[PDB]
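Engineer: Here it is: the structure, laid out below.
Just so it is clear, none of the values below were taken in a lab; they were calculated from the coordinates. Ideal geometry is used to build each Cβ from the backbone, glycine not excepted, and the neighbour counts take in all protein chains shown.
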Amino acid sequence: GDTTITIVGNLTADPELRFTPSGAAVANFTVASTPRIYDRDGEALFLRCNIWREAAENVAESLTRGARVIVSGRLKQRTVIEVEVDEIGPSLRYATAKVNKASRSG
Amino acid sequence: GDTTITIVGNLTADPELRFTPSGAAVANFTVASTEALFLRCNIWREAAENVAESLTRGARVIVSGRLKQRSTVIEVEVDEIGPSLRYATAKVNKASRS
Amino acid sequence: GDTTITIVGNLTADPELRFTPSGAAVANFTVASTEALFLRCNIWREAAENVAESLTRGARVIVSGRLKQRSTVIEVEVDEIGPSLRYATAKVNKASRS
Amino acid sequence: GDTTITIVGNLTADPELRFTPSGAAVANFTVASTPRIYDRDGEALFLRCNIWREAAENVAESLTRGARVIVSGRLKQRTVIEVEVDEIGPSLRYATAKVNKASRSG
């Protein structure tokens with residue numbers, strides 16, 4: 001099946017979490033990927049992404065508009081094309097970040 | 001072409017940073033994915049710093065890069081790297097281009 | 001970067017070749033992978049010719065390329081393309097660089 | 001699991017088919033991938049590949065030394081690294097090819 005894709009770019013805007021008929025969360029956001037040109041950054045590819053499970057609660061509590069991210073997903077369709085994120089992460093090319101999750105909250 | 005790879009695994013060690021006479025930084029760390037694939041990775045410039053600055057042993061990471069060679073074995077010429085937000089959360093940011 | 005893709009599917013039609021005022025060729029064909037993903041693909045220069053020359057409807061193909069945009073939707077800027085030797089055999093060749 | 005990889009390059013030499021303790025065929029061959037540089041083709045990455053099932057009988061009856069190919073596989077290990085080809089095909093960037101397989105032989 002595969003037809004997987006890795007996309008690196010910035011978030012067009014703060015994620016948008018959804019919870020539809022099943023009580024399930026869907027972190028929506030579109031990744032904007034800029035290329036590289038040369039004649040003497042140019043134009044961008046905007047990719048509407050979807051991320052589920054509690055992988056979306058983090059993708060919400062962690063990422064925000066303008067955030068550069070690395071997205072590993074799969075290309076699905078139904079007239080548009082969207083990536084069903086399997087993995088998402090804040091690219092440390094131009095930033096830092098504290099991590100982990102196992103204890104705390106109550 | 002420039003044959004590329006993407007590894008989603010766990011860091012075996014803590015990014016080991018160093019600086020080249022070029023004034024350029026370079027961090028090394030091997031990503032271990034799960035039947036066990038151990039890929040050593042390299043990262044240059046500021047990215048090197050950011051990695052050491054915020055990454056540690058057994059941390060979930062998504063890595064995109066390019067395979068390389070010579071000595072032989074294949075290592076990774078990481079382009080982008082970051083924490084995996086699968087089983088964890090993490091806030092970020094920096095900025096200032098050129 | 002230049003975000004890349006690899007599609008393993010079946011050609012819906014027969015590569016449709018054309019020539020640009022630039023004297024350059026260009027073949028179009030949509031690759032349909034299996035819950036059905038339909039990716040339109042583009043191929044330029046000699047490659048265009050070779051494709052039309054040897055590919056036809058519902059043929060198993062491995063395609064590596066780059067996603068693009070504008071009009072919108074995403075199409076594929078194929079780099080390499082060839083018959084899939086999974087459920088079939090096929091002999092080849094050409095040559096002469098520059 | 002994934003850690004899949006697509007590699008495009010020429011075959012270092014005619015494939016080498018194996019049939020080991022199970023009566024199973026293993027089409028072995030190593031893909032040589034050349035890069036692109038510029039200062040004013042450079043150096044190659046050699047990737048030992050493995051391909052099974054009857055996907056190897058074709059990979060044997062079809063490809064030969066110098067053949068440019070597109071390989072979709074997975075990176076496995078056990079001190080070396082080898083790609084376990086899921087898909088293989090003759091790149092039509094610089095060549096042509098007749099196809100299909102369903103009737104004939106006896």
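Engineer: In terms of the Cα gyration tensor, with a ≥ b ≥ c the square roots of its eigenvalues, is chain A rounded because a/c is under 1.5, prolate because a/b exceeds b/c, or oblate? Walk me through the intermediate numbers first.
Structural biologist: Details: a/c = 2.13, a/b = 1.32, b/c = 1.62.
Judged from the Cα gyration tensor, chain A comes out oblate (a/c at least 1.5, b/c at or above a/b).
Engineer: Further, regarding this structure: List the pair-distance distribution P(r) of the protein assembly as shown, using every Cα-Cα distance, as the percent of pairs falling in each 10 Å bin from 0 up to the bin containing the longest distance, rounded to whole percents.
Structural biologist: 4, 21, 30, 26, 15, 4, 0, 0
Engineer: Here's something else I'd like to know. Rank these for me by crowding, B:54, B:22, going from fewest to most other beta carbons within 10 Å.
Structural biologist: Details: B:54 20, B:22 8.
Fewest to most other Cβ atoms nearby, the residues stand as B:22, B:54.
Engineer: Which one, A:88, A:51, A:30, projects farthest toward the positive side of the charge dipole computed for chain A from Cβ point charges (K/R +1, D/E -1)?
Structural biologist: Among A:88, A:51, A:30, the one farthest towards the positive end of the dipole of chain A is A:88.
Engineer: Sticking with this structure for a sec: Which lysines have a Cα lying under 22 Å from the Cα of residue A:101, excluding residues fewer than 8 positions away in the same chain?
Structural biologist: Filter leaves B:91.
Engineer: Looking at chain A only, what percent of DSSP beta bridges run antiparallel? Nearest 5 please. Provide the component values of the computation, followed by the final result.
Structural biologist: On the way: 28 of 30 bridges.
So the antiparallel bridges in chain A amount to around 95 percent.
Engineer: Moving to a separate point now. Inverting the mean 1/r over all pairs of different Cα atoms, compute the Kirkwood radius of chain B and quote it in Å.
Structural biologist: Working: mean 1/r = 0.0714 Å⁻¹.
Computed over chain B, the radius equals 14.0 Å.
Engineer: Another question, then. Output wanted: per-residue J couplings in Hz (rounded whole) for segment C:42-52, from phi through Karplus 6.51 cos²θ - 1.76 cosθ + 1.60, θ = phi - 60°, x for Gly and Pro.
Structural biologist: Along segment C:42-52, the couplings run 10, 9, 10, 6, 2, 2, 3, 3, 3, 5, 4 Hz.
Engineer: Still on this structure, please answer the following. Assigning unit charges at the beta carbon (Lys, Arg +1; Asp, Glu -1) and nothing else, what dipole magnitude in debye, to the nearest 20, does segment C:42-93 show about its Cα centre? Please list the in-between numbers first.
Structural biologist: On the way: 8 positive and 7 negative charges, 45 e Å.
Computed about the Cα centre, the dipole is about 220 debye.
Engineer: Sticking with this one: To make sure I understand, if each residue's beta carbon is the centre and we count other beta carbons within 10 Å, what order do C:29, D:46 fall in, fewest to most?
Structural biologist: D:46, C:29
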